[PDB]
Amino acid sequence: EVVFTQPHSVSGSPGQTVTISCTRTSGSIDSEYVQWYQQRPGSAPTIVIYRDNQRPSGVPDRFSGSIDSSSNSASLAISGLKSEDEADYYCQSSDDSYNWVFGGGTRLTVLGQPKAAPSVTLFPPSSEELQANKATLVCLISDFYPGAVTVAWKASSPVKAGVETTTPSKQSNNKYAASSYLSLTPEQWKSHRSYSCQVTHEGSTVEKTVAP
Amino acid sequence: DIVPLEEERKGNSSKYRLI
Amino acid sequence: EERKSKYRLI
Amino acid sequence: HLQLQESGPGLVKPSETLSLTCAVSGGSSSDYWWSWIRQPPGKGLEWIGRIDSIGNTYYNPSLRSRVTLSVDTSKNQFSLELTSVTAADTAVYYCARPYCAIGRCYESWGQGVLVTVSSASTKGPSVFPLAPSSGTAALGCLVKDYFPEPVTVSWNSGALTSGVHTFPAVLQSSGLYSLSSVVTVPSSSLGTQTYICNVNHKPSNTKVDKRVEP
Ligand code: NA
Ligand code: NA
Ligand code: NA
Ligand code: NA
Ligand code: NA
Ligand code: NA
């Protein structure tokens, strides 16, 4: 079969030129057009380069494509790297039967973005939820960088049961979002005087509270 | 004045409708 | 719609 | 820049047939060709096949025996049937079709529909209002215990988009998902204007409007 291999990861700091290669394992790279797709969080892939080196009108001119017969590879070049270039990139070409084949994808990271403390929102159970004999505390954590947090729950005593926490997920602004949910019975919420969510983002810890 | 009836090919002919 | 890379026509 | 819209069942049982359709808006459904691509959650793109106006079909060799593509331009229907599905077929399925202006063409994709292959039954969400929390104020709605993904959330039937953040869903040990969507609004507004979150779960054909008050 014909495969197109890509580096797993490319990274550069703002202003750099970065390149992403697309190596054809078998047959000639020059034999079929090469397309490049960009994929951002939560959206479909879009063409950034087609027919080896053509660019759609709305794609920045910092993007270009090339073919290199001697390495049997295609390259996508991003000059003057910008934060908004951060995304996944796939090349796409065709084999001898005109079947499409995608390369395996490259994550492009733009380095040096500044530390960002998480914004924290803590909601108590709604009366509606409690009418239904259920109770959920909802802790929402957004706009942080880098993408790693740890959630602690309080009730001074460490609430440590019935916890579900997402893993940090990248937003479209290259910051991250996560959420944590604490389950409990109606009696439990009325039981205590306070419940707090403590988000620890590297150094600084952020704690919000709510009361029955 | 031509419309592709199938994918266009690098360095090779493909089928088009005329008009 | 393009106008007259390599084209046969039906 | 074509508006391609995929639709299908959301959830398919293992061993059954996955059926999808695609319609195009903003261009003509005649000439050119049509492709399907899929992406399993957290993985890379995998091409499925192409059908063109000559009638010719092309299939990914590793899905060949299971895939049938068809197109009816009068119905505006591009179809995919994938037989004998397994868990490996859980994916976002994208329709793609060249966007063509005078003198230029390149591929445009739909936004995809997630299809999950599972034995479990569809469960519709339960929606609870998260009352205002505060010069801004935050309010949201909790969408609990649905299956499969996805849920989408709008506010005031789309009129309210700024400050909206629908978080990724948590997967509970139960096997059901829950998510939250939150909006920041001028606290000044909390008596003058109403806030309703519109929750859609296509797999259960569930649609919910939940007024969020203080
Ligand atoms: Na290689
Ligand atoms: Na872009
Ligand atoms: Na930027
Ligand atoms: Na051909
Ligand atoms: Na041509
Ligand atoms: Na299965």
# chains A, B, ... in the order shown; residues from 1 in each chain; ligands from 1
>>> residues_near_ligand(ligand="ligand 3", cutoff="6 Å", atoms="only C-alpha atoms and all ligand atoms", output="NGL selection string")
:A and (82-84)
>>> write_last_selection(atoms="C-alpha atoms", output="PDB file, in the first residue's frame")
ATOM      1  CA  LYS A  82       1.622  33.171  14.644  1.00  0.00           C
ATOM      2  CA  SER A  83      -0.339  31.745  17.587  1.00  0.00           C
ATOM      3  CA  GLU A  84      -3.418  31.229  15.369  1.00  0.00           C
TER       4      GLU A  84
END
>>> residues_around(residues="residue D:78", least_positions_apart="4", cutoff="7 Å", atoms="only C-alpha atoms", output="PyMOL selection string")
chain D and resi 21-23+70-72
>>> residues_around(residues="residue C:9", least_positions_apart="2", cutoff="7 Å", atoms="only C-alpha atoms", output="number ranges by chain")
B: 15-18; C: 7
>>> residues_near_ligand(ligand="ligand 2", cutoff="8 Å", atoms="only C-alpha atoms and all ligand atoms", output="number ranges by chain")
A: 38, 40, 46, 48, 59, 84-85
>>> write_last_selection(atoms="N, CA, C and O atoms", output="compact mmCIF listing (two decimals), in the first residue's frame")
# COMPACT_ATOMS: atom_id res chain seq x y z
N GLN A 38 -5.83 21.82 7.31
CA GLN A 38 -5.68 22.29 8.67
C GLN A 38 -6.93 21.91 9.47
O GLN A 38 -8.05 22.09 8.99
N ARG A 40 -8.70 22.69 13.26
CA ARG A 40 -8.78 23.33 14.56
C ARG A 40 -9.75 22.59 15.45
O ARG A 40 -10.66 21.92 14.97
N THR A 46 -10.01 22.06 6.80
CA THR A 46 -10.09 22.95 5.66
C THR A 46 -8.80 22.93 4.86
O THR A 46 -7.69 22.81 5.42
N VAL A 48 -5.73 24.32 3.26
CA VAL A 48 -4.82 25.46 3.20
C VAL A 48 -3.96 25.47 1.94
O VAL A 48 -3.61 26.55 1.46
N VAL A 59 -6.64 32.14 2.77
CA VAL A 59 -5.57 31.51 3.55
C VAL A 59 -4.38 32.47 3.56
O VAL A 59 -3.98 32.94 2.49
N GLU A 84 -2.22 31.79 16.00
CA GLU A 84 -3.42 31.23 15.37
C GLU A 84 -3.10 30.09 14.41
O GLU A 84 -4.02 29.40 13.94
N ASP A 85 -1.84 29.88 14.10
CA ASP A 85 -1.45 28.78 13.24
C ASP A 85 -1.48 27.45 13.98
O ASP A 85 -1.41 26.38 13.35
>>> interface_residues(of="chain D", to="chain C", cutoff="7 Å", atoms="only C-alpha atoms", output="number ranges by chain")
D: 100-104
>>> select_by_dssp(residues="chain D", states="strand (DSSP E)", output="count of residues only")
118
>>> atom_distance(atom1="atom CA of residue D:108", atom2="atom CA of residue D:48")
15.9 Å
>>> interface_residues(of="chain B", to="chain D", cutoff="7 Å", atoms="only C-alpha atoms", output="ChimeraX atom specification")
/B:4-7
>>> write_last_selection(atoms="N, CA, C and O atoms", output="tab-separated table (two decimals), in the first residue's frame")
chain	number	residue	atom	x	y	z
B	4	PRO	N	-15.64	19.79	-14.76
B	4	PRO	CA	-15.14	18.43	-14.49
B	4	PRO	C	-16.27	17.48	-14.15
B	4	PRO	O	-17.16	17.81	-13.36
B	5	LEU	N	-16.26	16.32	-14.80
B	5	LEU	CA	-17.16	15.21	-14.47
B	5	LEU	C	-16.53	14.20	-13.50
B	5	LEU	O	-17.22	13.30	-13.03
B	6	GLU	N	-15.24	14.32	-13.24
B	6	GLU	CA	-14.52	13.44	-12.34
B	6	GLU	C	-13.33	14.24	-11.86
B	6	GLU	O	-12.99	15.27	-12.44
B	7	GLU	N	-12.67	13.73	-10.82
B	7	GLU	CA	-11.56	14.44	-10.22
B	7	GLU	C	-10.50	14.78	-11.27
B	7	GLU	O	-10.20	13.98	-12.16
>>> residues_near_ligand(ligand="ligand 1", cutoff="12 Å", atoms="only C-alpha atoms and all ligand atoms", output="mmCIF file with N, CA and C atoms, in the first residue's frame")
data_model
loop_
_atom_site.group_PDB
_atom_site.id
_atom_site.type_symbol
_atom_site.label_atom_id
_atom_site.label_comp_id
_atom_site.auth_asym_id
_atom_site.auth_seq_id
_atom_site.Cartn_x
_atom_site.Cartn_y
_atom_site.Cartn_z
ATOM 1 N N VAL A 2 0.285 2.387 -0.266
ATOM 2 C CA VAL A 2 0.995 3.654 -0.323
ATOM 3 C C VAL A 2 0.696 4.398 0.965
ATOM 4 N N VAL A 3 1.739 4.885 1.635
ATOM 5 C CA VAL A 3 1.569 5.622 2.887
ATOM 6 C C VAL A 3 2.245 6.987 2.764
ATOM 7 N N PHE A 4 1.711 7.992 3.481
ATOM 8 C CA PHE A 4 2.291 9.333 3.561
ATOM 9 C C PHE A 4 2.604 9.591 5.027
ATOM 10 N N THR A 5 3.884 9.717 5.379
ATOM 11 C CA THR A 5 4.210 9.860 6.787
ATOM 12 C C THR A 5 4.550 11.316 7.100
ATOM 13 N N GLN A 6 4.170 11.762 8.281
ATOM 14 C CA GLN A 6 4.416 13.118 8.727
ATOM 15 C C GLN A 6 5.103 13.072 10.078
ATOM 16 N N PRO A 7 5.823 14.126 10.440
ATOM 17 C CA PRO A 7 6.341 14.211 11.811
ATOM 18 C C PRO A 7 5.159 14.333 12.774
ATOM 19 N N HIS A 8 5.309 13.743 13.967
ATOM 20 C CA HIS A 8 4.178 13.756 14.883
ATOM 21 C C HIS A 8 3.897 15.153 15.399
ATOM 22 N N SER A 21 6.727 18.079 6.780
ATOM 23 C CA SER A 21 6.944 17.250 5.613
ATOM 24 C C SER A 21 5.925 16.114 5.526
ATOM 25 N N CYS A 22 5.834 15.549 4.324
ATOM 26 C CA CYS A 22 4.823 14.559 3.971
ATOM 27 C C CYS A 22 5.552 13.628 3.013
ATOM 28 N N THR A 23 6.055 12.495 3.523
ATOM 29 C CA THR A 23 6.909 11.602 2.744
ATOM 30 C C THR A 23 6.108 10.433 2.195
ATOM 31 N N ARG A 24 6.171 10.239 0.888
ATOM 32 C CA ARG A 24 5.441 9.163 0.244
ATOM 33 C C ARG A 24 6.300 7.913 0.276
ATOM 34 N N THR A 25 5.755 6.810 0.814
ATOM 35 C CA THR A 25 6.594 5.630 1.031
ATOM 36 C C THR A 25 6.827 4.838 -0.238
ATOM 37 N N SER A 26 6.030 5.040 -1.272
ATOM 38 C CA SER A 26 6.055 4.148 -2.419
ATOM 39 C C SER A 26 5.397 4.872 -3.590
ATOM 40 N N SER A 71 13.668 13.678 -2.048
ATOM 41 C CA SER A 71 13.246 13.035 -0.818
ATOM 42 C C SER A 71 11.878 12.369 -0.957
ATOM 43 N N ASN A 72 11.298 12.403 -2.153
ATOM 44 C CA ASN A 72 9.942 11.922 -2.394
ATOM 45 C C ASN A 72 8.955 12.490 -1.379
ATOM 46 N N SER A 73 9.052 13.786 -1.094
ATOM 47 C CA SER A 73 8.201 14.330 -0.043
ATOM 48 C C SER A 73 7.631 15.665 -0.470
ATOM 49 N N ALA A 74 6.522 16.041 0.175
ATOM 50 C CA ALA A 74 5.937 17.367 0.047
ATOM 51 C C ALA A 74 6.115 18.089 1.369
ATOM 52 N N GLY A 103 -2.000 11.582 5.080
ATOM 53 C CA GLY A 103 -0.877 11.366 5.997
ATOM 54 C C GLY A 103 -1.407 11.283 7.410
ATOM 55 N N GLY A 104 -0.541 10.873 8.334
ATOM 56 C CA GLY A 104 -1.027 10.621 9.675
ATOM 57 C C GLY A 104 -1.250 11.837 10.549
#
>>> residues_near_ligand(ligand="ligand 6", cutoff="7 Å", atoms="only C-alpha atoms and all ligand atoms", output="number ranges by chain")
D: 14, 86-87, 117-118
>>> write_last_selection(atoms="C-alpha atoms", output="short mmCIF file (atom, residue, chain, number, x, y, z; two decimals), in the first residue's frame")
data_model
loop_
_atom_site.label_atom_id
_atom_site.label_comp_id
_atom_site.auth_asym_id
_atom_site.auth_seq_id
_atom_site.Cartn_x
_atom_site.Cartn_y
_atom_site.Cartn_z
CA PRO D 14 -22.73 -3.64 16.23
CA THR D 86 -17.97 -2.54 14.80
CA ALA D 87 -16.61 -0.22 17.47
CA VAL D 117 -21.37 1.94 17.32
CA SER D 118 -22.71 0.58 20.59
#
>>> interface_residues(of="chain D", to="chain A", cutoff="8 Å", atoms="only C-alpha atoms", output="list in words")
residues 44, 45, 46, 47, 49, 58, 59, 60, 94, 106, 107, 108, 109, 110, 111, 112, 128, 129, 130, 131, 133, 138, 167, 168, 169, 170 and 172 of chain D
>>> write_last_selection(atoms="C-alpha atoms", output="mmCIF file, in the first residue's frame")
data_model
loop_
_atom_site.group_PDB
_atom_site.id
_atom_site.type_symbol
_atom_site.label_atom_id
_atom_site.label_comp_id
_atom_site.auth_asym_id
_atom_site.auth_seq_id
_atom_site.Cartn_x
_atom_site.Cartn_y
_atom_site.Cartn_z
ATOM 1 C CA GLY D 44 -6.478 10.873 12.166
ATOM 2 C CA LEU D 45 -8.469 11.285 8.976
ATOM 3 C CA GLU D 46 -9.389 8.109 7.027
ATOM 4 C CA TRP D 47 -10.766 8.340 3.490
ATOM 5 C CA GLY D 49 -14.590 6.701 -1.021
ATOM 6 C CA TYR D 58 -13.527 4.634 -5.590
ATOM 7 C CA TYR D 59 -13.274 2.943 -2.184
ATOM 8 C CA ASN D 60 -10.628 2.753 0.556
ATOM 9 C CA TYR D 94 -17.531 14.091 6.782
ATOM 10 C CA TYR D 106 -10.832 22.992 -4.245
ATOM 11 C CA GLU D 107 -12.415 20.660 -1.729
ATOM 12 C CA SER D 108 -14.905 21.896 0.878
ATOM 13 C CA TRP D 109 -16.096 19.672 3.743
ATOM 14 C CA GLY D 110 -19.258 19.493 5.843
ATOM 15 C CA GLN D 111 -18.927 19.804 9.584
ATOM 16 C CA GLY D 112 -19.395 16.039 10.087
ATOM 17 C CA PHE D 128 -31.224 21.765 34.747
ATOM 18 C CA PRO D 129 -30.783 25.530 35.005
ATOM 19 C CA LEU D 130 -27.685 26.923 36.676
ATOM 20 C CA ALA D 131 -28.984 30.143 38.211
ATOM 21 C CA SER D 133 -23.677 33.704 39.524
ATOM 22 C CA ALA D 138 -22.662 33.829 34.866
ATOM 23 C CA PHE D 167 -17.695 22.659 27.830
ATOM 24 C CA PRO D 168 -16.643 19.189 26.605
ATOM 25 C CA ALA D 169 -18.707 16.448 28.123
ATOM 26 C CA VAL D 170 -17.671 14.277 31.050
ATOM 27 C CA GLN D 172 -19.312 9.025 33.878
#
>>> interface_residues(of="chain A", to="chain B", cutoff="8 Å", atoms="only C-alpha atoms", output="number ranges by chain")
A: 31-33, 51
>>> residues_around(residues="stretch 205-208 of chain D", least_positions_apart="2", cutoff="9 Å", atoms="only C-alpha atoms", output="compact mmCIF listing (two decimals) with N, CA and C atoms, in the first residue's frame")
# COMPACT_ATOMS: atom_id res chain seq x y z
N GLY D 124 -31.93 10.15 26.45
CA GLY D 124 -32.07 11.58 26.28
C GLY D 124 -31.62 12.36 27.51
N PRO D 125 -31.15 13.58 27.28
CA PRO D 125 -30.63 14.39 28.39
C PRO D 125 -31.70 14.94 29.32
N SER D 126 -31.28 15.22 30.54
CA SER D 126 -32.09 15.98 31.48
C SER D 126 -31.41 17.32 31.72
N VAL D 127 -32.16 18.41 31.63
CA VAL D 127 -31.55 19.75 31.58
C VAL D 127 -31.93 20.50 32.83
N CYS D 197 -31.72 28.32 27.44
CA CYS D 197 -30.79 27.49 26.70
C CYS D 197 -31.56 26.43 25.93
N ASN D 198 -31.15 26.25 24.68
CA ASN D 198 -31.78 25.35 23.72
C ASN D 198 -30.87 24.15 23.57
N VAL D 199 -31.32 22.99 24.03
CA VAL D 199 -30.48 21.80 24.03
C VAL D 199 -30.99 20.85 22.96
N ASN D 200 -30.08 20.39 22.11
CA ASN D 200 -30.40 19.43 21.07
C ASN D 200 -29.57 18.17 21.25
N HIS D 201 -30.24 17.03 21.29
CA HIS D 201 -29.60 15.71 21.27
C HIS D 201 -30.22 14.98 20.08
N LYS D 202 -29.55 15.06 18.92
CA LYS D 202 -30.08 14.44 17.71
C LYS D 202 -30.33 12.94 17.84
N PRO D 203 -29.50 12.17 18.53
CA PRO D 203 -29.73 10.71 18.54
C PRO D 203 -31.04 10.29 19.18
N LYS D 210 -34.94 25.47 28.13
CA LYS D 210 -34.89 25.59 29.59
C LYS D 210 -34.64 27.05 29.94
>>> atom_distance(atom1="atom CA of residue D:185", atom2="atom CA of residue D:141")
13.9 Å
>>> residues_around(residues="residue A:64", least_positions_apart="6", cutoff="7 Å", atoms="only C-alpha atoms", output="number ranges by chain")
A: 49, 53, 76-78
>>> select_by_dssp(residues="stretch 4-209 of chain A", states="helix (DSSP H, G or I)", output="ChimeraX atom specification")
/A:29-31,83-85,127-131,186-191
>>> write_last_selection(atoms="N, CA, C and O atoms", output="PDB file, in the first residue's frame")
ATOM      1  N   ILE A  29       6.285  11.074  -5.552  1.00  0.00           N
ATOM      2  CA  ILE A  29       5.475  12.108  -4.919  1.00  0.00           C
ATOM      3  C   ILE A  29       4.875  12.999  -5.991  1.00  0.00           C
ATOM      4  O   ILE A  29       3.718  13.451  -5.882  1.00  0.00           O
ATOM      5  N   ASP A  30       5.643  13.234  -7.063  1.00  0.00           N
ATOM      6  CA  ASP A  30       5.249  14.112  -8.167  1.00  0.00           C
ATOM      7  C   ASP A  30       4.113  13.540  -8.998  1.00  0.00           C
ATOM      8  O   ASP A  30       3.631  14.230  -9.886  1.00  0.00           O
ATOM      9  N   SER A  31       3.700  12.288  -8.767  1.00  0.00           N
ATOM     10  CA  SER A  31       2.739  11.646  -9.662  1.00  0.00           C
ATOM     11  C   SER A  31       1.290  12.102  -9.445  1.00  0.00           C
ATOM     12  O   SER A  31       0.469  11.978 -10.359  1.00  0.00           O
ATOM     13  N   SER A  83       0.473  32.593  16.702  1.00  0.00           N
ATOM     14  CA  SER A  83      -0.339  31.745  17.587  1.00  0.00           C
ATOM     15  C   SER A  83      -1.515  31.065  16.876  1.00  0.00           C
ATOM     16  O   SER A  83      -1.826  29.895  17.153  1.00  0.00           O
ATOM     17  N   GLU A  84      -2.220  31.792  16.004  1.00  0.00           N
ATOM     18  CA  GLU A  84      -3.418  31.229  15.369  1.00  0.00           C
ATOM     19  C   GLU A  84      -3.100  30.094  14.409  1.00  0.00           C
ATOM     20  O   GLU A  84      -4.015  29.401  13.944  1.00  0.00           O
ATOM     21  N   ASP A  85      -1.835  29.880  14.097  1.00  0.00           N
ATOM     22  CA  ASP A  85      -1.447  28.778  13.236  1.00  0.00           C
ATOM     23  C   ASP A  85      -1.481  27.447  13.980  1.00  0.00           C
ATOM     24  O   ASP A  85      -1.407  26.383  13.347  1.00  0.00           O
ATOM     25  N   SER A 127     -32.674  24.245  42.401  1.00  0.00           N
ATOM     26  CA  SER A 127     -33.853  23.721  43.078  1.00  0.00           C
ATOM     27  C   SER A 127     -34.523  22.647  42.230  1.00  0.00           C
ATOM     28  O   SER A 127     -34.923  21.599  42.750  1.00  0.00           O
ATOM     29  N   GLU A 128     -34.616  22.874  40.911  1.00  0.00           N
ATOM     30  CA  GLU A 128     -35.144  21.850  40.009  1.00  0.00           C
ATOM     31  C   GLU A 128     -34.441  20.512  40.215  1.00  0.00           C
ATOM     32  O   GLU A 128     -35.088  19.477  40.413  1.00  0.00           O
ATOM     33  N   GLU A 129     -33.115  20.504  40.147  1.00  0.00           N
ATOM     34  CA  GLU A 129     -32.410  19.246  40.356  1.00  0.00           C
ATOM     35  C   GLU A 129     -32.782  18.639  41.704  1.00  0.00           C
ATOM     36  O   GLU A 129     -32.984  17.422  41.815  1.00  0.00           O
ATOM     37  N   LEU A 130     -32.912  19.477  42.737  1.00  0.00           N
ATOM     38  CA  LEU A 130     -33.173  18.940  44.065  1.00  0.00           C
ATOM     39  C   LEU A 130     -34.609  18.420  44.191  1.00  0.00           C
ATOM     40  O   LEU A 130     -34.834  17.422  44.877  1.00  0.00           O
ATOM     41  N   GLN A 131     -35.580  19.047  43.513  1.00  0.00           N
ATOM     42  CA  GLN A 131     -36.921  18.463  43.431  1.00  0.00           C
ATOM     43  C   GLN A 131     -36.847  17.015  42.964  1.00  0.00           C
ATOM     44  O   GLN A 131     -37.577  16.155  43.462  1.00  0.00           O
ATOM     45  N   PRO A 186     -29.552  15.167  48.089  1.00  0.00           N
ATOM     46  CA  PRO A 186     -30.153  16.385  48.667  1.00  0.00           C
ATOM     47  C   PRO A 186     -29.783  16.628  50.127  1.00  0.00           C
ATOM     48  O   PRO A 186     -29.320  17.724  50.475  1.00  0.00           O
ATOM     49  N   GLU A 187     -29.982  15.634  50.999  1.00  0.00           N
ATOM     50  CA  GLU A 187     -29.610  15.800  52.400  1.00  0.00           C
ATOM     51  C   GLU A 187     -28.157  16.248  52.541  1.00  0.00           C
ATOM     52  O   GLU A 187     -27.849  17.132  53.349  1.00  0.00           O
ATOM     53  N   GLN A 188     -27.251  15.657  51.753  1.00  0.00           N
ATOM     54  CA  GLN A 188     -25.830  15.986  51.871  1.00  0.00           C
ATOM     55  C   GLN A 188     -25.575  17.470  51.654  1.00  0.00           C
ATOM     56  O   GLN A 188     -24.799  18.087  52.393  1.00  0.00           O
ATOM     57  N   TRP A 189     -26.202  18.062  50.640  1.00  0.00           N
ATOM     58  CA  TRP A 189     -25.951  19.476  50.376  1.00  0.00           C
ATOM     59  C   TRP A 189     -26.455  20.341  51.529  1.00  0.00           C
ATOM     60  O   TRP A 189     -25.724  21.198  52.045  1.00  0.00           O
ATOM     61  N   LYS A 190     -27.700  20.119  51.962  1.00  0.00           N
ATOM     62  CA  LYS A 190     -28.199  20.839  53.130  1.00  0.00           C
ATOM     63  C   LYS A 190     -27.399  20.503  54.386  1.00  0.00           C
ATOM     64  O   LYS A 190     -27.336  21.327  55.305  1.00  0.00           O
ATOM     65  N   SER A 191     -26.762  19.325  54.424  1.00  0.00           N
ATOM     66  CA  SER A 191     -26.012  18.877  55.596  1.00  0.00           C
ATOM     67  C   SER A 191     -25.025  19.940  56.068  1.00  0.00           C
ATOM     68  O   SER A 191     -25.091  20.408  57.212  1.00  0.00           O
TER      69      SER A 191
END
